[PDB]
Amino acid sequence: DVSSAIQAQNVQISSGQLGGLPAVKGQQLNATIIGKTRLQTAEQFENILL
Amino acid sequence: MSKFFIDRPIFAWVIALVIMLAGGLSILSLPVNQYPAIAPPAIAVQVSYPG
């Protein structure tokens with residue numbers, strides 16, 4: 001359960017863009033979405049919800 | 001050296017014609033381009049990762 005919780009809560013997730021292609025006709029906004037990233041410090045690791 | 005050829009001109013003509021048609025058929029077997037391999041060799045690795 002600890003291994004599965006770590007594998008669920010420490011990942012990199014490709015979350016795409018706002019105005020990604022094929023956009024709707026007339027879209028003027030486009031930006032990458034920064035979703036879940038990997039944890040860095042030990043304090044981010046020790047707050048993993050089991 | 002010379003003096004072997006001013007008395008023997010056909011030998012000289014044969015040497016001339018054989019270097020002529022030794023090059024003249026060899027022009028038809030090598031490629032032609034604008035420039036040689038002037039650019040340095042380069043290897044590129046490439047990945048794509050959507051999202």
# chains A, B, ... in the order shown; residues from 1 in each chain; ligands from 1
call {"tool": "closest_atom_pairs", "arguments": {"of": "chain A", "to": "region 47-51 of chain B", "cutoff": "6 Å", "atoms": "only C-alpha atoms", "output": "JSON lines"}}
result
{"residue": "A:14", "atom": "CA", "partner": "B:51", "partner_atom": "CA", "distance": 4.5}
{"residue": "A:15", "atom": "CA", "partner": "B:51", "partner_atom": "CA", "distance": 5.7}
{"residue": "A:16", "atom": "CA", "partner": "B:51", "partner_atom": "CA", "distance": 4.4}
call {"tool": "closest_atom_pairs", "arguments": {"of": "chain A", "to": "chain B", "cutoff": "12 Å", "atoms": "only C-alpha atoms", "output": "tab-separated table"}}
result
residue	atom	partner	partner_atom	distance
A:12	CA	B:51	CA	10.7
A:13	CA	B:51	CA	8.3
A:14	CA	B:51	CA	4.5
A:15	CA	B:51	CA	5.7
A:16	CA	B:51	CA	4.4
A:17	CA	B:51	CA	7.5
A:18	CA	B:51	CA	11.2
A:20	CA	B:51	CA	9.8
A:21	CA	B:51	CA	11.5
A:31	CA	B:51	CA	11.7
A:32	CA	B:51	CA	8.5
A:33	CA	B:51	CA	8.8
A:34	CA	B:51	CA	9.8
A:35	CA	B:51	CA	10.3
call {"tool": "residues_around", "arguments": {"residues": "residue 5 (chain A)", "least_positions_apart": "5", "cutoff": "12 Å", "atoms": "only C-alpha atoms", "output": "PyMOL selection string"}}
result
chain A and resi 10-11+45-50
call {"tool": "write_last_selection", "arguments": {"atoms": "N, CA, C and O atoms", "output": "mmCIF file, in the first residue's frame"}}
result
data_model
loop_
_atom_site.group_PDB
_atom_site.id
_atom_site.type_symbol
_atom_site.label_atom_id
_atom_site.label_comp_id
_atom_site.auth_asym_id
_atom_site.auth_seq_id
_atom_site.Cartn_x
_atom_site.Cartn_y
_atom_site.Cartn_z
ATOM 1 N N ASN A 10 3.557 10.515 -6.500
ATOM 2 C CA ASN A 10 4.815 11.099 -6.969
ATOM 3 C C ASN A 10 4.984 10.718 -8.435
ATOM 4 O O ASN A 10 5.601 9.699 -8.754
ATOM 5 N N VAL A 11 4.432 11.539 -9.329
ATOM 6 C CA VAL A 11 4.456 11.270 -10.761
ATOM 7 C C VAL A 11 4.641 12.572 -11.520
ATOM 8 O O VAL A 11 4.485 13.665 -10.976
ATOM 9 N N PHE A 45 7.681 14.423 0.694
ATOM 10 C CA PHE A 45 7.498 12.979 0.699
ATOM 11 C C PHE A 45 6.756 12.524 1.944
ATOM 12 O O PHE A 45 5.935 11.604 1.888
ATOM 13 N N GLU A 46 7.027 13.162 3.078
ATOM 14 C CA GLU A 46 6.447 12.688 4.323
ATOM 15 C C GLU A 46 5.002 13.124 4.516
ATOM 16 O O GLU A 46 4.377 12.702 5.492
ATOM 17 N N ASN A 47 4.453 13.943 3.622
ATOM 18 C CA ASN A 47 3.047 14.307 3.663
ATOM 19 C C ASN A 47 2.215 13.500 2.677
ATOM 20 O O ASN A 47 1.131 13.940 2.285
ATOM 21 N N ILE A 48 2.708 12.337 2.257
ATOM 22 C CA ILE A 48 1.962 11.498 1.332
ATOM 23 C C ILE A 48 0.827 10.810 2.076
ATOM 24 O O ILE A 48 1.034 10.178 3.120
ATOM 25 N N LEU A 49 -0.383 10.947 1.549
ATOM 26 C CA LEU A 49 -1.580 10.412 2.183
ATOM 27 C C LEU A 49 -1.672 8.920 1.902
ATOM 28 O O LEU A 49 -1.767 8.506 0.743
ATOM 29 N N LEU A 50 -1.657 8.111 2.959
ATOM 30 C CA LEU A 50 -1.825 6.676 2.776
ATOM 31 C C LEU A 50 -3.292 6.279 2.819
ATOM 32 O O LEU A 50 -3.758 5.522 1.963
#
call {"tool": "atom_distance", "arguments": {"atom1": "CA of residue 2 (chain B)", "atom2": "CA of residue 20 (chain B)"}}
result
20.6 Å
call {"tool": "select_by_dssp", "arguments": {"residues": "chain B", "states": "alpha helix (DSSP H)", "output": "list in words"}}
result
residues 9, 10, 11, 12, 13, 14, 15, 16, 17, 18, 19, 20, 21, 22 and 23 of chain B
call {"tool": "write_last_selection", "arguments": {"atoms": "N, CA and C atoms", "output": "mmCIF file, in the first residue's frame"}}
result
data_model
loop_
_atom_site.group_PDB
_atom_site.id
_atom_site.type_symbol
_atom_site.label_atom_id
_atom_site.label_comp_id
_atom_site.auth_asym_id
_atom_site.auth_seq_id
_atom_site.Cartn_x
_atom_site.Cartn_y
_atom_site.Cartn_z
ATOM 1 N N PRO B 9 58.797 8.103 -82.309
ATOM 2 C CA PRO B 9 57.686 9.007 -81.971
ATOM 3 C C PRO B 9 56.371 8.293 -81.719
ATOM 4 N N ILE B 10 56.182 7.102 -82.294
ATOM 5 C CA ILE B 10 54.925 6.376 -82.137
ATOM 6 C C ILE B 10 54.751 5.915 -80.698
ATOM 7 N N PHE B 11 55.859 5.601 -80.016
ATOM 8 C CA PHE B 11 55.821 5.278 -78.591
ATOM 9 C C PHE B 11 55.291 6.448 -77.772
ATOM 10 N N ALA B 12 55.750 7.658 -78.093
ATOM 11 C CA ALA B 12 55.303 8.854 -77.390
ATOM 12 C C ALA B 12 53.837 9.158 -77.676
ATOM 13 N N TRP B 13 53.416 8.993 -78.936
ATOM 14 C CA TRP B 13 52.015 9.201 -79.293
ATOM 15 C C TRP B 13 51.109 8.193 -78.600
ATOM 16 N N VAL B 14 51.594 6.963 -78.429
ATOM 17 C CA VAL B 14 50.812 5.931 -77.764
ATOM 18 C C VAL B 14 50.685 6.226 -76.275
ATOM 19 N N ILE B 15 51.764 6.710 -75.647
ATOM 20 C CA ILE B 15 51.699 7.107 -74.236
ATOM 21 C C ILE B 15 50.718 8.261 -74.037
ATOM 22 N N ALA B 16 50.742 9.239 -74.952
ATOM 23 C CA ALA B 16 49.808 10.361 -74.888
ATOM 24 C C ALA B 16 48.366 9.897 -75.033
ATOM 25 N N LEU B 17 48.102 9.030 -76.011
ATOM 26 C CA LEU B 17 46.726 8.621 -76.254
ATOM 27 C C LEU B 17 46.231 7.679 -75.162
ATOM 28 N N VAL B 18 47.136 6.926 -74.528
ATOM 29 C CA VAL B 18 46.676 5.995 -73.509
ATOM 30 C C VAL B 18 46.408 6.728 -72.200
ATOM 31 N N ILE B 19 47.130 7.821 -71.916
ATOM 32 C CA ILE B 19 46.746 8.580 -70.724
ATOM 33 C C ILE B 19 45.486 9.402 -70.997
ATOM 34 N N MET B 20 45.308 9.870 -72.249
ATOM 35 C CA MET B 20 44.063 10.532 -72.652
ATOM 36 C C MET B 20 42.853 9.638 -72.444
ATOM 37 N N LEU B 21 42.829 8.483 -73.094
ATOM 38 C CA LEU B 21 41.679 7.601 -72.973
ATOM 39 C C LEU B 21 41.803 6.630 -71.805
ATOM 40 N N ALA B 22 42.734 6.874 -70.884
ATOM 41 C CA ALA B 22 42.642 6.323 -69.542
ATOM 42 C C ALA B 22 41.892 7.266 -68.617
ATOM 43 N N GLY B 23 42.050 8.578 -68.817
ATOM 44 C CA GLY B 23 41.222 9.520 -68.079
ATOM 45 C C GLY B 23 39.829 9.699 -68.653
#
call {"tool": "atom_distance", "arguments": {"atom1": "CA of residue 36 (chain A)", "atom2": "CA of residue 9 (chain A)"}}
result
8.7 Å
call {"tool": "decode", "arguments": {"residues": "region 37-48 of chain A", "atoms": "C-alpha atoms", "output": "PDB file, in the first residue's frame"}}
result
ATOM      1  CA  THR A  37       5.299  17.193 -10.793  1.00  0.00           C
ATOM      2  CA  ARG A  38       7.650  14.991  -8.816  1.00  0.00           C
ATOM      3  CA  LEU A  39       8.333  15.733  -5.169  1.00  0.00           C
ATOM      4  CA  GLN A  40      11.671  17.316  -4.320  1.00  0.00           C
ATOM      5  CA  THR A  41      12.292  17.582  -0.567  1.00  0.00           C
ATOM      6  CA  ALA A  42      11.744  15.012   2.156  1.00  0.00           C
ATOM      7  CA  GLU A  43       8.930  17.098   3.644  1.00  0.00           C
ATOM      8  CA  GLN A  44       6.936  16.727   0.434  1.00  0.00           C
ATOM      9  CA  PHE A  45       7.498  12.979   0.699  1.00  0.00           C
ATOM     10  CA  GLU A  46       6.447  12.688   4.323  1.00  0.00           C
ATOM     11  CA  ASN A  47       3.047  14.307   3.663  1.00  0.00           C
ATOM     12  CA  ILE A  48       1.962  11.498   1.332  1.00  0.00           C
TER      13      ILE A  48
END
